[PDB]
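Text of the file final-v5.cif, holding mmCIF, C-alpha atoms:
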data_my_file
loop_
_atom_site.label_atom_id
_atom_site.label_comp_id
_atom_site.auth_asym_id
_atom_site.auth_seq_id
_atom_site.Cartn_x
_atom_site.Cartn_y
_atom_site.Cartn_z
CA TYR T 290 0.01 -21.67 25.51
CA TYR T 291 3.23 -23.57 26.39
CA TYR T 292 3.55 -27.01 24.69
CA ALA T 293 3.54 -30.43 26.12
CA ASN T 294 5.09 -33.50 24.54
CA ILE T 295 3.96 -37.14 24.30
CA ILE T 296 6.06 -40.32 23.97
CA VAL T 297 4.13 -42.78 21.86
CA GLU T 298 5.06 -45.36 19.40
CA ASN T 299 3.77 -45.90 15.92
CA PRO T 300 3.93 -49.66 15.32
CA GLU T 301 0.24 -49.89 14.36
CA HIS T 302 0.89 -48.73 10.84
CA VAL T 303 -0.37 -45.09 10.89
CA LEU T 304 -0.46 -42.12 13.29
CA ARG T 305 0.56 -39.81 10.45
CA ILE T 306 2.55 -36.99 12.12
CA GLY T 307 -0.05 -34.40 11.09
CA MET T 308 -3.22 -35.21 13.00
CA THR T 309 -4.62 -33.74 16.21
CA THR T 310 -5.08 -35.33 19.54
CA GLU T 311 -7.84 -34.36 21.85
CA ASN T 312 -5.70 -34.76 24.94
CA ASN T 313 -7.25 -35.42 28.37
CA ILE T 314 -4.45 -35.68 30.98
CA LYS T 315 -4.63 -36.34 34.75
CA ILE T 316 -4.09 -33.83 37.59
CA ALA T 317 -4.43 -34.38 40.54
CA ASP T 318 -6.23 -37.52 41.81
CA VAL T 319 -7.08 -38.57 45.33
CA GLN T 320 -8.00 -42.04 46.39
CA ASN T 321 -10.91 -42.75 48.79
CA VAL T 322 -12.43 -39.41 49.82
CA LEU T 323 -15.71 -37.68 50.71
CA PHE T 324 -18.46 -36.59 48.25
CA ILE T 325 -21.03 -33.74 48.30
CA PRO T 326 -21.90 -32.59 44.79
CA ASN T 327 -20.40 -29.19 43.85
CA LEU T 328 -23.56 -27.05 43.68
CA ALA T 329 -23.66 -27.37 47.50
CA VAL T 330 -21.08 -24.51 47.28
CA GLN T 331 -21.94 -21.40 49.31
CA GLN T 334 -16.51 -18.38 53.82
CA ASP T 335 -17.78 -21.14 52.73
CA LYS T 336 -21.05 -22.45 54.30
CA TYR T 337 -23.50 -25.34 53.65
CA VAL T 338 -26.89 -26.82 54.72
CA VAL T 339 -27.68 -30.15 56.50
CA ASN T 340 -31.15 -31.66 57.16
CA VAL T 341 -31.82 -33.92 60.14
CA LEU T 342 -34.78 -35.23 59.95
CA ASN T 343 -36.88 -33.75 57.15
CA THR T 346 -35.61 -27.82 59.02
CA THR T 347 -32.00 -27.81 57.76
CA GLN T 348 -29.05 -27.04 60.02
CA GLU T 349 -25.88 -25.94 58.18
CA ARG T 350 -22.40 -27.45 57.76
CA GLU T 351 -19.39 -25.12 57.55
CA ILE T 352 -16.42 -26.97 56.00
CA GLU T 353 -13.04 -26.75 54.25
CA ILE T 354 -12.59 -27.79 51.32
CA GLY T 355 -11.66 -29.04 47.79
CA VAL T 356 -10.40 -30.08 45.46
CA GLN T 357 -12.95 -29.99 42.60
CA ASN T 358 -13.68 -31.89 39.27
CA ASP T 359 -15.68 -31.65 37.33
CA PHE T 360 -18.71 -30.76 39.50
CA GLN T 361 -18.08 -32.97 42.57
CA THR T 362 -15.58 -31.84 45.25
CA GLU T 363 -13.62 -33.84 47.78
CA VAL T 364 -14.66 -33.04 51.39
CA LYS T 365 -12.04 -32.89 54.20
CA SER T 366 -14.00 -32.80 57.50
CA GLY T 367 -16.77 -33.19 57.30
CA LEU T 368 -19.50 -34.52 56.95
CA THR T 369 -19.43 -38.36 56.90
CA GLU T 370 -21.51 -40.85 54.90
CA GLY T 371 -25.27 -41.23 54.38
CA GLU T 372 -25.81 -37.61 55.43
CA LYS T 373 -27.96 -34.75 54.07
CA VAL T 374 -27.21 -32.05 51.40
CA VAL T 375 -28.65 -29.13 49.34
CA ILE T 376 -27.40 -29.26 45.70
CA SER T 377 -28.92 -26.69 44.68
CA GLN T 378 -31.08 -24.85 46.01
CA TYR N 32 -32.88 -28.30 47.55
CA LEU N 33 -31.72 -31.93 47.47
CA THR N 34 -29.83 -34.72 48.83
CA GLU N 35 -27.12 -37.39 48.64
CA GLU N 36 -24.92 -39.93 50.41
CA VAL N 37 -21.13 -39.55 50.72
CA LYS N 38 -18.59 -42.05 49.30
CA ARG N 39 -16.02 -43.76 50.03
CA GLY N 40 -14.99 -42.55 46.59
CA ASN N 41 -12.18 -40.88 44.61
CA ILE N 42 -11.93 -37.86 42.22
CA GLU N 43 -9.48 -38.25 39.44
CA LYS N 44 -9.97 -34.87 37.77
CA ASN N 45 -8.91 -34.09 34.14
CA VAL N 46 -7.68 -31.11 31.95
CA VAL N 47 -8.30 -30.86 28.15
CA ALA N 48 -5.83 -29.53 25.57
CA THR N 49 -5.79 -29.92 21.86
CA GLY N 50 -2.40 -31.04 20.47
CA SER N 51 -0.87 -32.43 17.23
CA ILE N 52 1.01 -35.58 16.24
CA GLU N 53 4.39 -34.90 14.69
CA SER N 54 7.56 -36.84 13.82
CA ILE N 55 10.01 -37.85 16.54
CA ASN N 56 13.17 -36.80 14.62
CA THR N 57 13.63 -33.14 13.66
CA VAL N 58 15.09 -32.83 10.16
CA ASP N 59 15.22 -31.58 6.58
CA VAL N 60 17.62 -32.52 3.76
CA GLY N 61 19.17 -29.37 2.28
CA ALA N 62 22.04 -28.65 -0.07
CA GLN N 63 25.02 -26.30 -0.07
CA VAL N 64 26.48 -26.15 -3.55
CA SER N 65 24.92 -24.72 -6.71
CA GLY N 66 24.38 -26.84 -9.81
CA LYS N 67 21.35 -28.35 -11.60
CA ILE N 68 20.04 -31.48 -9.73
CA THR N 69 19.96 -34.57 -11.92
CA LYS N 70 19.53 -37.69 -9.83
CA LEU N 71 16.57 -38.43 -7.50
CA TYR N 72 16.74 -41.97 -6.06
CA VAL N 73 13.60 -41.68 -3.87
CA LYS N 74 9.86 -41.60 -4.28
CA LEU N 75 7.59 -40.38 -1.38
CA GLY N 76 6.51 -42.62 1.51
CA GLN N 77 9.08 -45.45 1.83
CA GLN N 78 12.22 -45.73 4.04
CA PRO M 185 14.55 -31.75 -19.74
CA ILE M 186 11.28 -33.51 -20.93
CA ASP M 187 8.84 -33.58 -23.91
CA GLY M 188 5.41 -33.84 -22.28
CA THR M 189 4.40 -30.41 -23.65
CA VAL M 190 4.79 -26.71 -22.52
CA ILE M 191 2.81 -25.27 -19.55
CA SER M 192 4.32 -21.89 -18.73
CA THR M 193 6.92 -19.55 -20.13
CA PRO M 194 7.60 -16.80 -17.84
CA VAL M 195 10.41 -15.26 -19.98
CA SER M 196 10.82 -12.53 -22.58
CA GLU M 197 13.13 -12.91 -25.56
CA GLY M 198 15.16 -9.68 -24.99
CA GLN M 199 15.13 -9.80 -21.18
CA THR M 200 17.99 -9.59 -18.70
CA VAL M 201 18.16 -12.32 -16.02
CA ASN M 202 20.11 -12.65 -12.71
CA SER M 203 20.79 -16.26 -11.83
CA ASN M 204 23.61 -15.82 -9.32
CA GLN M 205 21.33 -15.12 -6.36
CA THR M 206 18.16 -17.15 -6.97
CA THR M 207 17.51 -19.38 -10.04
CA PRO M 208 15.26 -17.77 -12.68
CA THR M 209 12.81 -20.35 -13.95
CA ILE M 210 12.54 -19.78 -17.75
CA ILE M 211 10.22 -22.37 -19.29
CA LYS M 212 8.03 -24.87 -17.36
CA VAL M 213 7.87 -28.28 -19.02
CA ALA M 214 5.73 -31.12 -17.60
CA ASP M 215 4.16 -34.35 -18.99
CA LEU M 216 0.57 -34.16 -20.34
CA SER M 217 0.18 -37.75 -21.77
CA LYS M 218 -0.76 -38.96 -18.29
CA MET M 219 -2.02 -36.74 -15.48
CA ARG M 220 -2.46 -37.25 -11.81
CA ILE M 221 -5.24 -35.95 -9.57
CA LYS M 222 -4.53 -35.16 -5.90
CA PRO M 223 -7.54 -35.97 -3.67
CA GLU M 224 -7.43 -33.76 -0.61
CA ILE M 225 -8.56 -36.24 1.99
CA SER M 226 -9.43 -35.02 5.50
CA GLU M 227 -7.82 -35.93 8.83
CA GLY M 228 -10.68 -38.21 9.94
CA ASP M 229 -11.13 -40.23 6.77
CA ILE M 230 -7.39 -41.16 6.54
CA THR M 231 -7.40 -43.91 9.20
CA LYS M 232 -9.63 -45.53 6.52
CA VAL M 233 -8.37 -44.41 2.98
CA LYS M 234 -5.96 -47.14 1.76
CA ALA M 235 -3.80 -47.63 -1.38
CA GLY M 236 -5.40 -49.29 -4.39
CA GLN M 237 -9.09 -48.49 -3.53
CA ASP M 238 -11.87 -48.70 -6.20
CA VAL M 239 -12.09 -44.88 -6.58
CA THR M 240 -14.36 -42.99 -9.02
CA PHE M 241 -14.36 -39.23 -9.85
CA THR M 242 -15.83 -36.55 -12.12
CA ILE M 243 -14.47 -33.50 -14.01
CA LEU M 244 -15.90 -30.13 -12.91
CA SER M 245 -16.68 -29.87 -16.60
CA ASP M 246 -18.80 -33.05 -17.03
CA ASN M 247 -22.53 -33.80 -16.63
CA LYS M 248 -21.70 -37.50 -16.25
CA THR M 249 -18.42 -38.57 -17.60
CA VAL M 250 -17.76 -40.43 -14.31
CA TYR M 251 -14.12 -41.68 -14.34
CA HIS M 252 -13.41 -45.29 -13.26
CA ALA M 253 -9.85 -45.12 -11.76
CA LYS M 254 -8.19 -46.44 -8.58
CA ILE M 255 -6.29 -45.00 -5.65
CA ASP M 256 -2.54 -45.63 -6.19
CA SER M 257 -0.82 -44.75 -2.95
CA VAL M 258 -0.61 -42.75 0.25
CA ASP M 259 1.48 -39.79 1.46
CA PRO M 260 2.54 -39.80 5.12
CA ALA M 261 2.31 -36.09 5.56
CA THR M 262 -0.25 -33.36 5.26
CA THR M 263 -1.08 -31.40 2.16
CA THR M 264 1.30 -28.69 3.18
CA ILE M 265 4.21 -30.97 4.01
CA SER M 266 3.99 -33.44 1.15
CA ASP M 267 5.26 -31.35 -1.78
CA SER M 287 -6.44 -25.80 11.28
CA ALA M 288 -8.40 -27.72 8.68
CA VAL M 289 -6.05 -30.58 7.77
CA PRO S 185 26.99 -17.99 26.07
CA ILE S 186 24.93 -18.44 29.36
CA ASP S 187 23.56 -21.20 31.67
CA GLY S 188 20.10 -19.96 32.63
CA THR S 189 18.44 -22.91 30.84
CA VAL S 190 17.27 -23.71 27.22
CA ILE S 191 14.20 -22.00 25.65
CA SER S 192 14.24 -22.82 21.95
CA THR S 193 16.21 -24.96 19.56
CA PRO S 194 15.30 -24.26 16.10
CA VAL S 195 17.93 -26.63 14.57
CA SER S 196 18.12 -30.18 13.28
CA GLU S 197 21.14 -32.39 13.85
CA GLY S 198 21.77 -33.30 10.15
CA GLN S 199 20.75 -29.94 8.68
CA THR S 200 22.58 -27.64 6.29
CA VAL S 201 22.90 -23.97 7.32
CA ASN S 202 23.87 -20.77 5.39
CA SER S 203 25.42 -18.18 7.67
CA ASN S 204 27.14 -15.98 5.10
CA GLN S 205 24.04 -13.94 4.25
CA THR S 206 22.00 -13.75 7.47
CA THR S 207 22.97 -15.37 10.81
CA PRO S 208 21.14 -18.65 11.54
CA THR S 209 20.11 -18.70 15.18
CA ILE S 210 20.72 -22.30 16.41
CA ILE S 211 19.89 -22.56 20.11
CA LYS S 212 18.19 -19.85 22.24
CA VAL S 213 19.61 -19.63 25.76
CA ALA S 214 18.21 -17.20 28.35
CA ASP S 215 18.23 -16.95 32.20
CA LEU S 216 15.29 -18.53 34.11
CA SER S 217 16.50 -18.05 37.77
CA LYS S 218 15.09 -14.51 37.69
CA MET S 219 12.46 -13.27 35.25
CA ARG S 220 11.22 -9.88 34.33
CA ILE S 221 7.67 -8.80 33.50
CA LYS S 222 7.05 -5.94 31.04
CA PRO S 223 3.98 -3.87 32.03
CA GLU S 224 2.52 -2.29 28.93
CA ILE S 225 1.60 1.09 30.32
CA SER S 226 -0.54 3.46 28.24
CA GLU S 227 0.29 6.93 26.92
CA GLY S 228 -1.85 8.76 29.50
CA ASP S 229 -0.73 6.97 32.64
CA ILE S 230 3.02 7.54 31.92
CA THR S 231 3.18 11.20 33.05
CA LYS S 232 2.42 9.47 36.40
CA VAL S 233 4.16 5.96 36.44
CA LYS S 234 7.56 6.45 38.15
CA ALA S 235 10.54 4.14 38.95
CA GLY S 236 10.46 2.21 42.20
#
Encoded form (structure tokens):
Amino acid sequence: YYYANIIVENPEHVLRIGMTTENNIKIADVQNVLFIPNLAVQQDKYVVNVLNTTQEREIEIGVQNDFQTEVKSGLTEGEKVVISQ
Amino acid sequence: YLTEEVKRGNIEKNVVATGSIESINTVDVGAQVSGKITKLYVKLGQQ
Amino acid sequence: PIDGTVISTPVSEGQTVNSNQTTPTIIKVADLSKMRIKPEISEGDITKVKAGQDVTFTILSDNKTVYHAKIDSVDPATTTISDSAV
Amino acid sequence: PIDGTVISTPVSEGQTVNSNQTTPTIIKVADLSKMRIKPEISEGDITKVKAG
């Protein structure tokens, strides 16, 4: 492993120096981006309906969590997917 | 074989680790002379 | 040092000892007119367990004696600091 | 002894030490501008593995 270190306080009354912390950090985090659930993952190729007969959608790419994935061109809104089949 | 719109939205990802709480000041209170200890002015838990 | 009664005796009358390096314990004398039981008390109950709390217990040698005591106070450190599974 | 950076610190400011018998390591300072990886390399490959 490697260690991290937290900077709390203990006013409260107890956080008895012995317990464990299930720690869930942050890393990275984008604001306002494009969504196509992960399982659409197939280079690096997709599938796009029209109509409903699907015509693909090659893209690139990332960056995942925890089974979504930001989409950088694209692919706009309201469109059609294939998660998954 | 299925579907969905596209936000207009924002990942914030995660990363899980287990850790443990532990005192801020590293210490112990030793002794370097021999002898036969015969005063103890503390009890355990109070400043 | 105290009267309480005698609880060990690791020595032999006739036996050489070597106290310069580490201190040979010779007799072990602790106080048996009271006693004190140390409730192991797991890392998820402790947010709750407080000092002076209408305890009860039982001897692993009693089909109902059921002892009516009370919690007396709290340690701030695990049972491995004070004096994995925690 | 060196600059490299700091990698351990087993000591406590306020702590008694006893260096007469065995030597208390106090801070551990090694060089993090390079590094070196140590390939374990098994007893049957070594007739072959050569330098450079």
Problem set entry | Selection: 10 Å around segment 350-357 of chain T, all atoms listed in the file, excl. self and same-chain fewer than 4 positions, as a VMD selection string | (chain T and resid 317 to 319 323 326 to 327 330 to 331 334 to 340 361 to 368 373 to 374) or (chain N and resid 42 to 44)
Counting only C-alpha atoms, what are the residues of chain T within 8 Å of chain M, and for each of them which pair of atoms is the nearest and at what distance in Å, to one decimal? Sort the table by chain and rising number, as a tab-separated table.
residue	atom	partner	partner_atom	distance
T:303	CA	M:231	CA	7.3
T:305	CA	M:260	CA	5.7
T:306	CA	M:261	CA	6.6
T:307	CA	M:262	CA	5.9
T:308	CA	M:227	CA	6.3
For this session: Output the contact residues of chain S with respect to chain N at a cut-off of 10 Å, based on only C-alpha atoms, as a PyMOL selection string.
Result: chain S and resi 194-202
Using all atoms listed in the file, determine which residues lie at most 10 Å from segment 213-229 of chain S, disregarding the query and same-chain residues fewer than 3 positions distant; provide the list as a compact mmCIF listing (two decimals) with C-alpha atoms, keeping the file's coordinate frame.
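What follows is the written file part35.txt:
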# COMPACT_ATOMS: atom_id res chain seq x y z
CA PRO S 185 26.99 -17.99 26.07
CA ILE S 186 24.93 -18.44 29.36
CA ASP S 187 23.56 -21.20 31.67
CA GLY S 188 20.10 -19.96 32.63
CA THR S 189 18.44 -22.91 30.84
CA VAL S 190 17.27 -23.71 27.22
CA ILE S 191 14.20 -22.00 25.65
CA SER S 192 14.24 -22.82 21.95
CA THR S 193 16.21 -24.96 19.56
CA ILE S 210 20.72 -22.30 16.41
CA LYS S 232 2.42 9.47 36.40
CA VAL S 233 4.16 5.96 36.44
CA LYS S 234 7.56 6.45 38.15
For this session: With a cut-off of 10 Å and counting only C-alpha atoms, select all residues of chain M in contact with chain N and give the selection as an NGL selection string.
Result: :M and (185 or 204 or 207 or 257-261 or 266-267)
Within 7 Å of chain N, which residues of chain T come that close, and what is the closest atom pair and distance in Å for each? Count only C-alpha atoms and give it as CSV.
residue,atom,partner,partner_atom,distance
T:306,CA,N:53,CA,3.8
T:307,CA,N:52,CA,5.4
T:308,CA,N:52,CA,5.3
T:309,CA,N:51,CA,4.1
T:310,CA,N:50,CA,5.1
T:311,CA,N:49,CA,4.9
T:312,CA,N:48,CA,5.3
T:313,CA,N:47,CA,4.7
T:314,CA,N:46,CA,5.7
T:315,CA,N:45,CA,4.9
T:316,CA,N:45,CA,5.9
T:317,CA,N:44,CA,6.2
T:318,CA,N:43,CA,4.1
T:319,CA,N:41,CA,5.6
T:320,CA,N:41,CA,4.7
T:321,CA,N:40,CA,4.6
T:322,CA,N:40,CA,5.2
T:323,CA,N:38,CA,5.4
T:324,CA,N:37,CA,4.7
T:325,CA,N:37,CA,6.3
T:358,CA,N:44,CA,5.0
T:359,CA,N:44,CA,6.6
T:369,CA,N:37,CA,6.5
T:370,CA,N:37,CA,4.4
T:371,CA,N:36,CA,4.2
T:372,CA,N:36,CA,5.6
T:373,CA,N:34,CA,5.6
T:374,CA,N:34,CA,4.5
T:375,CA,N:33,CA,4.6
T:376,CA,N:33,CA,5.4
T:377,CA,N:32,CA,5.1
T:378,CA,N:32,CA,4.2
